[PDB]
Asker: 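My questions all concern the structure below.
Sequence lines set the chain letters: A, B, ... in the order given, protein chains first and strands last, and positions in each chain run from 1. Every number for a ligand or one of its atoms is a count from 1 in the order of the listing.
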Amino acid sequence: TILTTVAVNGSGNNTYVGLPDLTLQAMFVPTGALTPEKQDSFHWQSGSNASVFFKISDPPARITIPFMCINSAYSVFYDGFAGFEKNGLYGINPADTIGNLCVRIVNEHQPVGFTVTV
Amino acid sequence: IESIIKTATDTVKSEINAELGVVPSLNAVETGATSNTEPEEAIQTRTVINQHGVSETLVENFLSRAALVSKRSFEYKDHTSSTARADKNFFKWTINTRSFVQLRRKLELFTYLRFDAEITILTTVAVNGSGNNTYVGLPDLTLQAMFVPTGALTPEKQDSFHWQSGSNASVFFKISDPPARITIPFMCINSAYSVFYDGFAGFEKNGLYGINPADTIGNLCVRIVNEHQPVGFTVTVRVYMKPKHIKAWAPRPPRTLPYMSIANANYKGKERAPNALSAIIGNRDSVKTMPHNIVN
Amino acid sequence: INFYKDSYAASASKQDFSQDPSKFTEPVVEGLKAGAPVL
Amino acid sequence: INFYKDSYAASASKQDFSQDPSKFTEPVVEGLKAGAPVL
Amino acid sequence: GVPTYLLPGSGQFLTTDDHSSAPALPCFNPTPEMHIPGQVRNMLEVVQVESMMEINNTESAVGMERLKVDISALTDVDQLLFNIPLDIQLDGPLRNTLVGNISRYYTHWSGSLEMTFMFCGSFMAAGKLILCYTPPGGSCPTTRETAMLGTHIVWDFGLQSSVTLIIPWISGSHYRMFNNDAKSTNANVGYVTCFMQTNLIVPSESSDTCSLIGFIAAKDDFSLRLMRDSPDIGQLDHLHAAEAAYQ
Amino acid sequence: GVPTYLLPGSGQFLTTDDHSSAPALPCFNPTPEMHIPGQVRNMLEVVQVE
Amino acid sequence: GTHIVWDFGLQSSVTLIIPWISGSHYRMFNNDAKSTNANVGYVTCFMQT
Amino acid sequence: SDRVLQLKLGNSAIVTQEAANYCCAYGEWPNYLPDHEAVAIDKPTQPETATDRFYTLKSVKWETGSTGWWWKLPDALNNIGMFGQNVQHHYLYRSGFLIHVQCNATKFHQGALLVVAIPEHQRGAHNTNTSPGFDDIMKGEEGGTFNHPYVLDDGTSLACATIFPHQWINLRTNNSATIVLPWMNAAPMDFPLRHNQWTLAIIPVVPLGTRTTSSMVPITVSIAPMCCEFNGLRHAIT
Amino acid sequence: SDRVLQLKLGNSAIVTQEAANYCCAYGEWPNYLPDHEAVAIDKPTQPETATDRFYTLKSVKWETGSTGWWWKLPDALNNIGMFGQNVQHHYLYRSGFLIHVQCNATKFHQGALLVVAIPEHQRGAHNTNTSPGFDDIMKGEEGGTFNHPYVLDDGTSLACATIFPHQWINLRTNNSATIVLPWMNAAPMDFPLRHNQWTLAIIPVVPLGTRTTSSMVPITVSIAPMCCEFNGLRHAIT
Ligand SMILES: Cc1cc(-c2noc(C(F)(F)F)n2)ccc1OCCCc1cc(C(=O)N(C)C)no1
Ligand SMILES: Cc1cc(-c2noc(C(F)(F)F)n2)ccc1OCCCc1cc(C(=O)N(C)C)no1
């Protein structure tokens, strides 16, 4: 469940004009996929990535992610190293790697600034 | 032979083999057939009951995903002193699936495709800051998307009488509503779309190459129904298409070099590998060099 | 849930598990047998 | 109410009342009897 | 009326949703279906088709030169000829293949692969090679005596021009991951190496250098999961003539 | 269509609600289950341990 | 090798079995103690705790 | 049993003693258009042996720097024999093809040719936004040559061309390749002068090589239309 | 009847006359990997008596200020006997364990050792944000010692360690502890050189004490792998 709130920036422009009803995009980027580098990146076209577009005025967006571990269960604790060399991270099972959640405001910026909390 | 496949095949345990006249590991690539060597014949295997599903690679699942196909921004304002090239509170788009590479490449994995298209239209607005860099709020505008088929007249202005849409299918939607959605049926004059067309569209010699006229769709015309406000806004319309009820034929080698145009398959390649005209795969020092060799 | 009158309005069909890979892996007139030399 | 095609979309399952605490309270090869000394 | 309440997620646009939607053209009759050869219903059928590996991905090789490996007569025994990285996610010889291209639209994979090599020397050329698959854990073997301890096939050139090396699915986990950490225990598959078994021996009138073409495909125990956008294609600007669609 | 009206509580996000929700990954096949020792189904089994 | 860990207690005695492990059916009582037809191996005793 | 083959169509026959097998594209065989799939209502003409026969095109020379060759169908046959006349006198045509590619050398020679039939081989142009012109595409009986066979002159990969119906001519193994092509089109019939259903590509993945005294090594293509039918009779257009 | 026990595996046997019982972790017994749970398709090697036997590690001395000891499996056995050789020559391994801990003293001695097998005992570091390094975790046959047994060196509690399979060696009661460990992993098999399924911890909750003439009081660990199988044969790596 993704919940979004907005507030008008008061720094210097400490004037209130109202809260815009913005559209947001949450894209699930799995392991090995490229993550967007800017708000207008062409990666947002999401040819195969699952993306959800939702509005601030809507009820919070919701989706179900299935059990996606490459094993039969997630390893809450992992007494091992993630790589075949000796410099890999300890205590994180690579089988449980999920990926990246990428969230952008679809709307182009307005003349004034806002703070968006996801 | 055709069969119903829901999971990856199981493995059967195998024993030592020493049989004159039997060489399952040898093949004849020249015939054009892929090697039929089984793991049980190459090594000694155990029994494995494979429960791995194959549904996620179904063509329907592979292609039935909403993908961006059109993105147009235009100014919503009084256009009395606008240039002739400016979108004056409306735009028209000749429908095509070749403008955004992620969907185009996946579609071009096949020669022929038959599907219905679910169309989702997403709209966003922003206050213009040029000179009038003041924010007053975002209006909840009404938009009209009209599908203009081949031979029909397209609107020439925001208040054109063509928008009355006597027979054209039009959808009126608000920015505050969830994105508008409609299904367009498979409308090709043939049994399937020609993803690639090795031919010319006309009976003369000056017709366009590589576009089958049987697959011509038409124009999508989108306008703001509201008359302009005293201040200007920038409206961005995004159109997403999701194929469904899909049938596909004759898979093809994937596109490797970057796309150059929506009108052809012209290629240039990157300046250097990977995906260069003379080197698709990135280089390594030699054929005996392991790029990511594990040492200790 | 499809209350529309036109069948093409329906949701996606993800239940066609029929396969025939031999169309692309073995499109030869004479089928090859396991173990026996191809040539 | 689940009209989704994928089973993992369903709501929670709170009807598994099976228990076996002996896995943690009595994981010994020789079961102990009531009253009789353990040792 | 019916009392109702809206759930979280109401009004959202999920690109992977599956619902009916309003037909824009009522009573439209689509063109009758016609039989067309080569129908594909599951992408796993495509990955089962052999395609050439780019083993010779070196700066000296241009165009289709990168699709063949040259072998010559040697004067020392048991010499290494070439090796093949087995990582599909990284940019290697397996990336631009049917199996590689299709798999890179997904994140997880499982099942056996098969490598087939065709010897394209003259009829008079003779030789024996050993093709080895080394499960992961150590460095890629550099000597025949070490490489031959793993899975391998000894290939004798002859009337049957092609041999198949099976790369069996040997994995601790049900699936592996196409992740950019090629040394991860969830991704590394191991190595494939090729050594001279005896030598390439040709008469004076035959070419002293002969070429092999390597092919790769997945067996019917192969499967993929977790669709993702392929990193093999991208755009930084609009394609030419795309703007003209709006004119 | 069906005449409807929205009740109080419509659109709320209750952290303890129990509903189905849209699958983000259609046709995904989870890894087959494997027997693992020490399964716990009710937390009262844990509190019974000394 | 073959061994038994012996815990001192009420039973005062432990038995180490030297199983017949031989390539040949019989061994020989020959003065060459290092002959492959005669040598039986060794028995050693270490502190366990 | 699989190395010797004789193909007989109409008044033409071909024998090879060094075949591997032959490929039936997508496991299909050519056939006439059935009633439940027909569109044109006029009675079609089916010349049979007059058109369903082997036509041999001009041979090409396999050189060291050869990049490969292609022929588009039915364009390559549109001016040959009674097939050409029927094509010129009719608005619609339909047919399969039987392709036999011939190349022989000595046991001291080496080389490998990929013989692949590409459906709808829409060509791209190199380093330009302009689409290929009519003269670039329609080469007729002489055919064309690949500018960049590595990417199949279309921005794709040669390595993945094996997804298409294909054989190989590996000089040490065989001296001929045979491919049977069914009708491959989105429509039951087509105008033969503006659309090409199939492209035959012969690409030397392994260059010709030898150390014996060199000789000209030609590659010869023979194509027999199968189950030809024509609709919409009128005056000759060509 | 429950104080005397003999364990025989392969060519090794152990007898204790002061046992309490023995613990089967989560009420399970080791077994080979079944066909309906296998993943690797190569035929596994099952050495049986060559590897399924008792290996005795180096004894440690129980002192007044001892904080406790631990050994990680299979790391501790990865260089011992044929088990070590099979581990070094194979990419995948799978096995249970039979653990026998030995510690004897006099009737004038007192002390209590908690003998617990911790599944996936991921260790934490004290007073630093840096994760434990390879050398901190992989100690091999020598094992390690607890820095802060009170929190199990992982920020948890020692008092709640009884949730794990465990026994006690209470000097007045018994002189040995026995625990049988099944395969405990999210995957059917694993790479033995990078992941440890079990950690054996021996922690002196009650310190060793006596007023009689003092003697060295060692603690000895003997571990027998059970139902070992290995897949993915290659050259030795170690
Ligand atoms: C938080 C989240 C968000 C998204 C998402 N957001 O947007 C979208 C989009 F694009 F479709 F719209 N997808 C996807 C997946 C997510 O997490 C998965 C939780 C799984 C897990 C593993 C473990 C673990 O390692 N254990 C228990 C040891 N815990 O939990
Ligand atoms: C994007 C779109 C939007 C609308 C629309 N928008 O609004 C309305 C209105 F007025 F009713 F409200 N209609 C209609 C149709 C559209 O596209 C049809 C996709 C079909 C196709 C052919 C090929 C192809 O040539 N291939 C595969 C080789 N690809 O896809």
Side-chain angles (χ1 to χ4, degrees), chain A residues 1-2 24-30 46 49-54 61-69 71 73-78 92-103 118, chain B residues 63 68-70 93-98 103-104 106-108 110-121 143-149 165 168-173 180-188 190 192-197 211-212 214-222 237 239-243 246 248, chain E residues 9 12-17 22-25, chain F residues 22-25, chain H residues 120 186, chain I residues 120 186:
Chain A
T1 311
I2 299 143
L24 279 80
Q25 182 186 359
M27 195 177 32
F28 175 47
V29 177
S46 195
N49 290 340
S51 293
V52 63
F53 297 83
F54 52 103
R62 178 175 279 172
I63 51 137
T64 295
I65 302 284
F67 174 69
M68 50 188 22
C69 189
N71 295 320
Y74 298 123
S75 299
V76 185
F77 295 87
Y78 189 71
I92 309 269
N93 191 350
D96 308 1
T97 304
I98 305 308
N100 289 330
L101 173 56
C102 308
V103 181
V118 175
Chain B
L63 281 180
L68 189 62
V69 293
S70 180
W93 178 56
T94 309
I95 298 157
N96 72 91
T97 54
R98 305 183 110 230
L103 173 64
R104 186 186 174 165
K106 273 168 55 165
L107 291 181
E108 294 187 346
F110 312 87
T111 308
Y112 301 115
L113 293 174
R114 168 160 180 142
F115 58 82
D116 308 309
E118 176 205 84
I119 312 294
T120 311
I121 299 143
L143 279 80
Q144 182 186 359
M146 195 177 32
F147 175 47
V148 177
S165 195
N168 290 340
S170 293
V171 63
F172 297 83
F173 52 103
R181 178 175 279 172
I182 51 137
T183 295
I184 302 284
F186 174 69
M187 50 188 22
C188 189
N190 295 320
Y193 298 123
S194 299
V195 185
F196 295 87
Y197 189 71
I211 309 269
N212 191 350
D215 308 1
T216 304
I217 305 308
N219 289 330
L220 173 56
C221 308
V222 181
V237 175
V239 183
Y240 298 79
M241 172 181 97
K242 186 186 78 165
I246 301 149
Chain E
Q12 80 191 9
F13 167 36
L14 170 66
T15 61
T16 48
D17 76 356
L25 311 178
Chain F
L25 311 178
Chain H
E120 307 276 11
Chain I
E120 307 276 11

Asker: Ligand 2 versus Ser194(B), non-hydrogen atoms closer than 4.0 Å: side chain, backbone, both, neither?
Answerer: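 Contact part for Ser194(B) vs ligand 2: backbone (N, CA, C, O).
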Asker: How far is atom 29 (N) of ligand 2 from its nearest protein heavy atom, and which residue and atom is that?
Answerer: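 The answer is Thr97(B) CG2, 3.4 Å.
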Asker: Find the distance between CE (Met187(B)) and CG (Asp116(B)) and round it off to the nearest 0.5 Å.
Answerer: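 These two atoms lie 9.5 Å from each other.
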Asker: Run the numbers for me: atoms of ligand 2, each under 4.0 Å from some heavy atom of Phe115(B), listed by number.
Answerer: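 Close to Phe115(B): 27 (C), 29 (N), 30 (O).
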Asker: Quick one: does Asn219(B)'s side chain have a donor or acceptor within less than 3.5 Å of a partner on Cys221(B)'s backbone?
Answerer: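 Not a single qualifying donor-acceptor pair exists.
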Asker: Taking all non-hydrogen atoms of both residues into account, name the closest pair between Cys69(A) and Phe67(A) and its distance.
Answerer: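 Scanning both residues completely, I find the closest heavy atoms to be CB-CZ, 3.4 Å.
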Asker: Which residue and non-hydrogen atom of the protein lie closest to atom 18 (C) of ligand 1, and at what distance in Å?
Answerer: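 Checking every protein heavy atom, the shortest distance to atom 18 (C) of ligand 1 gives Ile98(A) CG2, 4.0 Å.
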Asker: Name the closest protein heavy atom to atom 25 (O) of ligand 1, giving the residue it belongs to and the distance to 0.1 Å.
Answerer: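 For atom 25 (O) of ligand 1, the nearest protein heavy atom is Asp96(A) CB, 3.8 Å.
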Asker: Can you tell me how far apart CD1 (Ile121(B)) and CZ (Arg181(B)) are? Round to the nearest 0.5 Å.
Answerer: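 Here the rounded value is 10.5 Å.
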Asker: Which is closest to atom 5 (C) of ligand 2 in terms of heavy atoms, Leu25(E), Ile182(B), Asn168(B)?
Answerer: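 The residue whose heavy atom sits nearest atom 5 (C) of ligand 2 is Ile182(B).
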Asker: Below 30° counts as parallel, above 60° as perpendicular, anything between as tilted: where do the rings of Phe13(E) and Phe53(A) land?
Answerer: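 Rings of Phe13(E) and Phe53(A): parallel, under 30°.
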Asker: What part of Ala61(A), side chain, backbone, both or neither, has a heavy atom within less than 4.0 angstrom of ligand 1?
Answerer: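 For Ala61(A), there is no contact with ligand 1 at all, from either part.
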Asker: Verify, without hydrogens or angle tests, whether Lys242(B) (side chain) and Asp17(E) (backbone) share a donor-acceptor contact under 3.5 angstrom.
Answerer: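 Checking the backbone N and O of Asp17(E) against the side chain of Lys242(B), a donor-acceptor pair under 3.5 Å is found.
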Asker: Mind checking whether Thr16(E) contacts ligand 1 via backbone (N, CA, C, O), side chain (CB onward), both or neither, at a 4.0 Å heavy-atom cut-off?
Answerer: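 For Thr16(E), no heavy atom sits under 4.0 Å from ligand 1.
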Asker: Mind listing the closest non-hydrogen atom pair of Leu113(B) and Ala248(B) along with its distance?
Answerer: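 Distance-wise, the nearest heavy atoms are CD2-CB, 3.3 Å.
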Asker: Quiz question for you: does at least one protein heavy atom lie closer than 4.0 Å to atom 21 (C) of ligand 1?
Answerer: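 Protein heavy atoms within 4.0 Å of atom 21 (C) of ligand 1 - there is at least one.
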Asker: Verify the contact flag for atom 1 (C) of ligand 1, where contact means a protein heavy atom under 4.0 Å away.
Answerer: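 Given the 4.0 Å limit, the answer for atom 1 (C) of ligand 1 is no, no protein heavy atom qualifies.
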Asker: Show which atoms of ligand 1 fall inside a sub-4.0 Å distance from at least one heavy-atom site of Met27(A).
Answerer: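 Every atom of ligand 1 under 4.0 Å from some heavy atom of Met27(A): 10 (F).
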Asker: Counting only heavy atoms, which portion of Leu107(B) has something under 4.0 Å from ligand 2: side chain, backbone, both, or neither?
Answerer: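 No part of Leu107(B) comes within reach of ligand 2.
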Asker: Could you check whether any side-chain N or O of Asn96(B) sits under 3.5 Å from a backbone N or O of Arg98(B), counting only pairs where one atom can act as donor and the other as acceptor?
Answerer: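 Such a contact is found between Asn96(B) side chain and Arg98(B) backbone.
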Asker: Starting from atom 28 (C) of ligand 1, find the nearest protein heavy-atom neighbour and note its residue, name and distance.
Answerer: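 In this structure, atom 28 (C) of ligand 1 has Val76(A) CA, 3.4 Å as its nearest protein heavy atom.
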Asker: Does the side chain of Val222(B) come within less than 4.5 Å of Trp93(B)'s, by heavy atoms?
Answerer: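 A side-chain contact is absent here, since even the closest heavy-atom pair is not under 4.5 Å.
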Asker: One residue to check: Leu220(B). Relative to ligand 2, which of side chain, backbone, both or neither has a non-hydrogen atom less than 4.0 Å away?
Answerer: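 The part of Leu220(B) near ligand 2 is the side chain, not the backbone.
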Asker: Provide, to 0.1 Å, the distance between atom 17 (O) of ligand 2 and the closest protein heavy atom, together with that atom's residue and name.
Answerer: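 Here the nearest protein heavy atom works out to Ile95(B) CG2, 3.3 Å.
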Asker: Would you please determine whether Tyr112(B) falls within less than 4.0 Å of ligand 2 on a heavy-atom basis?
Answerer: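 Per 4.0 Å heavy-atom rule, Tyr112(B) does not contact ligand 2.
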Asker: Below 4.0 Å from any atom of ligand 2, is there a heavy atom belonging to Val69(B)?
Answerer: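 No, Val69(B) has no heavy atoms under 4.0 Å from ligand 2.
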Asker: To check your reading of the model: name the closest protein heavy atom to atom 30 (O) of ligand 1, its residue, and the distance in Å.
Answerer: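 Looking at atom 30 (O) of ligand 1, the protein heavy atom closest to it is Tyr74(A) CE1, 4.5 Å.
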Asker: Heavy atoms only, cut-off 4.0 Å: how does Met241(B) contact ligand 2, side chain, backbone, both, or neither?
Answerer: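 Side chain only; the backbone of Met241(B) stays clear of ligand 2.
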Asker: Closest approach of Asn190(B) and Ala186(H), non-hydrogen atoms and distance?
Answerer: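 Residues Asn190(B) and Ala186(H), closest heavy atoms: CB-O, 3.6 Å.
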Asker: Minimum distance, heavy atoms only, to atom 9 (C) of ligand 2: which one of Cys221(B), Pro243(B), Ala169(B), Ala214(B) is it?
Answerer: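 The option holding the nearest heavy atom is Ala169(B).
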Asker: Could you measure the distance from the CD1 atom of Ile2(A) to the CZ atom of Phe54(A)? Nearest 0.5 Å is fine.
Answerer: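 With rounding to 0.5 Å, CD1 (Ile2(A)) is 5.0 Å from CZ (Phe54(A)).
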Asker: Hey, does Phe28(A) have a side-chain heavy atom less than 4.5 Å from the side chain of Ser51(A)?
Answerer: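 Side-chain contact under 4.5 Å: no.
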Asker: Distance under 4.0 Å to a non-hydrogen atom of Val52(A): what atoms of ligand 1 satisfy this?
Answerer: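 Within the 4.0 Å cut-off of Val52(A), ligand 1 contributes 12 (F).
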Asker: So, the side chain of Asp96(A) versus the backbone of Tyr74(A): is there a donor-acceptor pair under 3.5 Å, distance only?
Answerer: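 No.
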Asker: Donor-acceptor pair, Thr16(E) side chain versus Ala24(F) backbone, under 3.5 Å?
Answerer: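 Side chain of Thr16(E) to backbone of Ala24(F): a pair is present.
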Asker: Tell me: protein heavy atom nearest atom 16 (C) of ligand 1, and distance?
Answerer: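 Answer, as residue, atom name and distance: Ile65(A) CG1, 4.3 Å.
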Asker: Which residue supplies the protein heavy atom nearest to atom 3 (C) of ligand 2, what is that atom called, and how far is it?
Answerer: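 Residue, atom and distance for the closest contact: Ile119(B) CG2, 3.6 Å.
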